[PDB]
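S.K.: Please see the structure below; I have some questions.
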Amino acid sequence: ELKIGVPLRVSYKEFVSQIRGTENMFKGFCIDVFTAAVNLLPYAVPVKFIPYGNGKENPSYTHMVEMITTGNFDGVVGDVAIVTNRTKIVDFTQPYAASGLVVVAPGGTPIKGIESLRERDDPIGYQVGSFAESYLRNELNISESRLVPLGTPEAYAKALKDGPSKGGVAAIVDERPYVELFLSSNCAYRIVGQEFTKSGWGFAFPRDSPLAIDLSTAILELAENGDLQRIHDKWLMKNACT
Ligand code: NA
């Protein structure tokens, strides 16, 4: 039986959430894709889902996958971005979902995209627990003093509404899937500029794990048979603002 870590999310639970009143039962987009993929393997993969997080805020996704390296988890199933400090310690599947960072802002301010954000010195929101914090600090050399962690779409909206002068932010940098859910309930805001990274989401296993290989073939079959799109439509259909 594999001990599979699953992020205990407090927000954007469409992706993955613990079933209320349970410790080990989960649902969501990421769970349905993992189940559908495992069901295409020619061998059984018995799993027990183990929540990772304190239940009060979204967990550190990098710390979650580090639990594979110490042997606490046999793998991690969730909305986990396939980024370099993680691929060097664990093996991911190929992406089952596309992702990448975008800039969210009000229209009609100096923030037109990531370059105008880096040229300026305004506070920038990011999602609690996300790789985006390290990406902004290390890849783009944004001062840690500008970076404001936000835990929920209500927190995103309050920070954007308040803006830099009232303890909020000029813009939020986060992965497109979260941002599309956010904007569908918060149309006063928009993506400005282009998606400027492109790491997808994968399932994570120990280095050299054949599961990371075999499940990428299963992903091909879900993509071809229309099940990846059907599971997307089940959980993530949203009301466009435009
Ligand atoms: Na990959």
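How things are named: the first chain in the structure tokens is A, the next is B, and so on; residues count from 1 in each chain; ligands count from 1 in the order shown.
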As JSON, numbers by chain, please: all residues of range 21-208 of chain A that backbone DSSP puts in helix (DSSP H, G or I).

M.R.: {"A": [29, 30, 31, 32, 33, 34, 35, 36, 37, 38, 61, 62, 63, 64, 65, 66, 67, 68, 69, 84, 85, 86, 87, 114, 115, 116, 117, 118, 119, 132, 133, 134, 135, 136, 137, 138, 139, 144, 145, 146, 153, 154, 155, 156, 157, 158, 159, 160, 161, 162, 164, 165, 166, 176, 177, 178, 179, 180, 181, 182, 183, 184]}

S.K.: Tell me which protein, DNA and RNA residues are within 6 Å of residue 105 in chain A, counting only C-alpha atoms, leaving out same-chain ones fewer than 4 positions away, and put them as an MDAnalysis selection string.

M.R.: chainID A and resid 171 189:190

S.K.: Could those selected residues go to a file with N, CA, C and O atoms, as a CSV table (one decimal), in the first residue's frame?

M.R.:
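Final output, saved to again_33.csv:
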```
chain,number,residue,atom,x,y,z
A,171,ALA,N,-0.5,44.0,-7.7
A,171,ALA,CA,-0.7,42.8,-8.6
A,171,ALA,C,-0.5,41.5,-7.8
A,171,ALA,O,0.1,41.6,-6.7
A,189,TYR,N,-10.9,42.4,-11.9
A,189,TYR,CA,-9.5,42.2,-12.1
A,189,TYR,C,-9.3,41.5,-13.4
A,189,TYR,O,-10.3,40.9,-14.0
A,190,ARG,N,-8.0,41.4,-13.9
A,190,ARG,CA,-7.7,40.7,-15.2
A,190,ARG,C,-6.3,40.3,-15.2
A,190,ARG,O,-5.4,40.8,-14.4
```

S.K.: From the set A:125, A:206, A:51, A:177, which residue has the shortest atom-to-atom contact distance to residue 235 in chain A, counting only C-alpha atoms?

M.R.: A:177

S.K.: Counting only C-alpha atoms, what is within 12 Å of range 219-229 of chain A, bar same-chain residues fewer than 4 positions away, as a count of residues only?

M.R.: 32

S.K.: Between CA of residue 107 in chain A and CA of residue 140 in chain A, what is the distance, to one decimal in Å?

M.R.: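 Spanning CA of residue 107 in chain A to CA of residue 140 in chain A is a straight-line distance of 23.0 Å.
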
S.K.: What are the DSSP strand (DSSP E) residues of range 129-214 of chain A, as an MDAnalysis selection string?

M.R.: chainID A and resid 147:150 171:175 189:192 201:205

S.K.: Find the residues around residue 197 in chain A up to 9 Å (only C-alpha atoms counted), leave out those fewer than 2 positions away in its own chain, and share them as an mmCIF file with N, CA and C atoms, in the first residue's frame.

M.R.:
```
data_model
loop_
_atom_site.group_PDB
_atom_site.id
_atom_site.type_symbol
_atom_site.label_atom_id
_atom_site.label_comp_id
_atom_site.auth_asym_id
_atom_site.auth_seq_id
_atom_site.Cartn_x
_atom_site.Cartn_y
_atom_site.Cartn_z
ATOM 1 N N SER A 99 0.143 24.478 -16.827
ATOM 2 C CA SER A 99 0.154 25.618 -15.890
ATOM 3 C C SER A 99 1.257 26.603 -16.291
ATOM 4 N N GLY A 100 1.423 27.620 -15.495
ATOM 5 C CA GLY A 100 2.332 28.720 -15.814
ATOM 6 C C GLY A 100 1.902 29.952 -15.084
ATOM 7 N N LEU A 101 2.849 30.859 -14.846
ATOM 8 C CA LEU A 101 2.567 32.065 -14.028
ATOM 9 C C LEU A 101 2.003 33.172 -14.937
ATOM 10 N N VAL A 102 1.082 33.909 -14.359
ATOM 11 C CA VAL A 102 0.485 35.147 -14.928
ATOM 12 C C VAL A 102 0.494 36.245 -13.872
ATOM 13 N N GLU A 175 -0.295 30.933 -10.587
ATOM 14 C CA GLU A 175 -0.477 30.013 -11.703
ATOM 15 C C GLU A 175 -1.838 30.234 -12.329
ATOM 16 N N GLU A 195 1.335 34.879 -20.142
ATOM 17 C CA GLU A 195 1.822 33.791 -19.277
ATOM 18 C C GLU A 195 3.328 33.663 -19.524
ATOM 19 N N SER A 199 5.544 25.629 -16.464
ATOM 20 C CA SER A 199 5.644 24.308 -15.811
ATOM 21 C C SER A 199 4.232 23.781 -15.583
#
```

S.K.: Would you pick out the contacts of residue 128 in chain A at 7 Å or less, using only C-alpha atoms, so that residues sharing its chain but fewer than 5 positions from it are not included, and give the list as an MDAnalysis selection string?

M.R.: chainID A and resid 58 149:151

S.K.: Tell me which of A:205, A:61, A:52, A:126 sits closest to ligand 1, counting only C-alpha atoms and all ligand atoms.

M.R.: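 Looking at the shortest contact to ligand 1, the residue is A:205.
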